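The block underneath contains the structure these notes are about, expressed in structure tokens.
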Amino acid sequence: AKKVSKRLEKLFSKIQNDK
């Protein structure tokens with residue numbers, strides 16, 4: 001399963017909301 005992306009997306013979520 002290469003959907004670990006979710007966990008990665010979780011860590012990047014912080015940078016995403018850099019408004």
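We label chains A, B, ... in the order they appear in the structure tokens, count residues from 1 in each chain, and number ligands from 1 in the order shown.
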From a DSSP pass on the backbone, collect the residues of chain A flagged as alpha helix (DSSP H) and hand them back as a count of residues only. 12
